[PDB]
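Here the structure is laid out as structure tokens; the discussion comes afterwards.
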């Protein structure tokens, strides 16, 4: 039985770990009991915003019921972080730079 | 007019409306071209001319009879639905109720000029009239007799590849179902449609409509067809005796409905599943316990029970639903002072894996039952075990012997009276590895705790 | 797209939720009607026993 | 929007709560109506039986 089962006990481990992770993703989110649409916000770049504000549908193309998404435009006080790139070839250089 | 307003959120009704309604075509030249008495066409034309908001409404009454025995399907459908809405629009003839009322002869005559032609014709001719048999206060009990013993519309509903048809037919069926004294009469015709009601849900069962790998499973709002179906199935929730019998015929699909609670992401759908299955329960009618017994027998929902329990959905109605559900399904679960039923099984000569067969929550101390006759009550089962090799009974017979000896360590003498260890090892040398596993469990636990 | 689309989505979902609450409340009121009827039934049944 | 979107959400919320509360009030009214209707009908029926 061990021989047979371990083969995919490992797969269940991966799966439960992933499902866990998505919980925690939800668990630093909001919830209210009586109102039924949540209050939410995103911290993805304006640089790549177009592709994802499009893929709203692609995601909802996999679950489309009524809402491609809800995203209302407003920016409040905050300091956006900084992002940088290495192209997997200058890894040592920029890695040392940042560290 | 507080009468029926139907499917406003929908569009297939709107397409089958606008296909002939949006046509702002001549509705006067018809009779003049050898179709009818001419004033009838003049007023069919005046329909739209007077359609302008005029804040009359008493110069179109007689036209109902005129289109009765028509012989060219060109000049009723359109103005038919136009006047139907004009009524529906609660701005024209809001007191047309009385004229509708004093004698529905002008209405019940409509049968032969309604629900006729092709399926689309049947709809365009039937929806309008049925919207008007919603006359607040009582409603005609007699027209329905002819509207149901008929068969052409039902033939229209028999198709499976078309969803709009059955959707709208049974949707208006449930809207009119607001008169609780009609589910009764249609009951006798159950076998004609209720299986149709069930086929959609049976498809929904393993068909993961939510997973959009199903290309065009239904229109973007089409899935609401299931919502409406279960709406109807709830509309029959005030007569238990009705639910009492038809179950014996199709209990299986009703049972495996269980999945819908967890499967559908939609709150509405799981909600209606659970509510319907529960409300089947009632102190009102008889044998209102064996149903859950078979539920446990085949489905074993309690896992599912608590599973859905841990994940409530902030719906008070649902809170009470599930709370009832759990308590009502669990309190009987301990209905096992099983000396009586163990004796019945003993005399039955049949055994099977069952919580009635297996529940230690009582066996904490029950050797008293074993004490009836020198512990030989199970010796009969042992000799039958020796007699044959039927998997279920063969395994279960020695399955609980280990437990029973676990109940008395002193029972080593009765055990050696058994002395079936050779038979036990033989069972480790027969088919169905599971029963071999069980036999090994029995023998091993026994020996170990005789010399633990 | 445009904020109009998302605003309309908010409002249409709100309308749908309001319809859901209305229809469920209607189910519960109809259940009130059934409890009404059955309670009246048993009361009148006992009364009929005594009167008979 | 949101400056009025929040207000619209609040109005939808109070709409839902008010409609469900009205439904429950109608439920209790159905119970009291069961009492009253049982009383009225059974009084009439007692008159019926006595006259009979």
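Chains as they are written, first to last, in our numbering: chain D, 2 to 100; chain S, 42 to 493; chain L, 66 to 117; chain C, 6 to 57.
Each residue gets a CB set at the ideal place from its N, CA and C atoms; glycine is no exception.
Check	Outcome
Reduced DSSP secondary structure (H/G/I, E/B, other) of residue 32 of chain C	helix
DSSP state of residue 396 of chain S mapped onto helix, strand, coil	coil
Chain D contact for residue 82 of chain L (CB, 9 Å cutoff)	yes
Proximal residues of chain D, C-beta to C-beta of residue 18 of chain C below 7 Å	35 and 36
When D:37, D:53, D:96 and D:14 are compared against residue 43 of chain D, the one with the closest alpha-carbon	D:53
4-residue-minimum alpha helix (DSSP H) runs that sit fully inside the stretch 314-382 of chain S, ordered along the chain	331-339, 343-350 and 357-372
Residue 91 of chain L to residue 433 of chain S span [Cα, whole Å]	50 Å
Distance between residue 46 of chain D and residue 95 of chain D (C-alpha atoms, nearest Å)	21 Å
Endpoints, the alpha helix (DSSP H) within which residue 74 of chain L is located	68-116
CA-to-CA distance, residue 83 of chain L to residue 380 of chain S, given in whole angstroms	54 Å
Contact under 9 Å by Cβ, residue 156 of chain S with residue 194 of chain S	yes
Interface positions of the stretch 351-363 of chain S facing chain L (Cβ-Cβ less than 7 Å), listed along the chain	358
Beta-carbon proximity of residue 402 of chain S to residue 440 of chain S, cut-off 9 Å	no
DSSP state of residue 235 of chain S mapped onto helix, strand, coil	helix
Residue 37 of chain D, DSSP secondary structure in three states	coil
Nonlocal neighbours in the same chain, by C-beta distance under 6 Å from residue 169 of chain S, ignoring five residues either side	121, 122 and 125
Beta carbon of residue 461 of chain S nearer than 9 Å to that of residue 426 of chain S	yes
Enclosing alpha helix (DSSP H) for residue 291 of chain S [first to last residue]	281-297
Separation of residue 45 of chain S from residue 300 of chain S, as counted between CA atoms	34 Å
Sub-9 Å separation of residue 481 of chain S and residue 445 of chain S beta-carbons	no
Simplified DSSP assignment, three categories, for residue 163 of chain S	helix
Span of the alpha helix (DSSP H), counted from its first residue to its last, around residue 449 of chain S	Segment: none, residue 449 of chain S is in no alpha helix (DSSP H) and carries neither H nor E.
Own chain, CB closer than 8 Å to residue 133 of chain S, minus 5 neighbours either side, in chain order	98 and 127
Residue 250 of chain S versus residue 69 of chain D - alpha carbon distance	18 Å
Burial state of residue 57 of chain C (16 or more Cβ within 10 Å)	exposed
Three-pair Cβ contact test at 8 Å for the stretch 267-277 of chain S versus the stretch 305-316 of chain S	yes
9 Å Cβ cutoff, residue 275 of chain S in contact with chain L	yes
Proximity test, Cβ basis, 9 Å: residue 49 of chain C and chain D	no
Residue-chain proximity (residue 12 of chain C, chain L), Cβ-Cβ < 9 Å	no
Chain-ordered neighbours of residue 26 of chain C on chain D, where CB pairs are closer than 7 Å	None at all; the shortest Cβ gap to chain D is about 12 Å.
As assigned by DSSP and simplified to three states, the class of residue 52 of chain D	helix
Cβ distance (whole Å) where residue 65 of chain D is taken to contact residue 253 of chain S below 8 Å	7 Å
Under 9 Å by beta carbon: chain S residues contacting residue 112 of chain L	The contacting residues do not exist; residue 112 of chain L stays about 20 Å from chain S at best.
Residue 477 of chain S and residue 469 of chain S closer than 9 Å at C-beta	yes
First through last residue of the alpha helix (DSSP H) which encompasses residue 98 of chain D	92-99
Chain D within 9 Å of residue 72 of chain L, Cβ atoms only	yes
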